[PDB]
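>>> I need the structure of the sequence given here:
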Amino acid sequence: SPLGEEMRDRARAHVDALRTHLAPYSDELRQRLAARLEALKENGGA
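Residues are numbered from 1 along each chain as shown. Shown next is the protein structure:
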């Protein structure tokens with residue numbers, strides 16, 4: 001029993017606003033958490 005665009009459009013309504021809210025807030029924050037997490041907890045190691 002296929003759909004159209006009303007059950008799931010609610011998901012395609014708050015996601016488009018999501019993008020604007022944190023478009024540029026992605027690279028900045030990551031750079032702080034990019035170098036810390038390769039020493040402390042040690043994803044890999046011996």
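>>> what about the helices in this structure?
Secondary structure of the chain, counting by DSSP state H: helices at 14-21, 27-35.
>>> closest to residue 8 out of those helices?
helix 14-21 (10.6 Å; C-beta to C-beta). C-beta here means a position set from N, CA and C on the backbone, and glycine is covered the same way.
>>> Check which helices and strands that closest one is in contact with.
With contacts taken as 3 or more C-beta pairs under 8 Å, 6 or more residues apart in numbering; DSSP states H and E, helix 14-21 sits against no other helix or strand.
>>> Dump the C-alpha coordinates for it into CSV.
Written as CSV, here are the backbone C-alpha positions of helix 14-21 (Å, rounded to 0.1, in the frame of the first residue of the first chain):
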residue,chain,number,x,y,z
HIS,A,14,11.9,20.2,9.2
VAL,A,15,14.9,18.8,7.4
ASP,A,16,15.2,21.6,5.0
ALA,A,17,15.2,24.0,7.9
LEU,A,18,17.7,21.8,9.6
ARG,A,19,20.3,22.4,6.9
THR,A,20,20.2,26.2,7.3
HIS,A,21,20.4,25.9,11.1
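>>> In this protein, which residue is most central in space?
Centrality entry for the chain: nearest residue to the mean C-alpha point is residue 26, 8.1 Å, by C-alpha atoms, centre = their mean.
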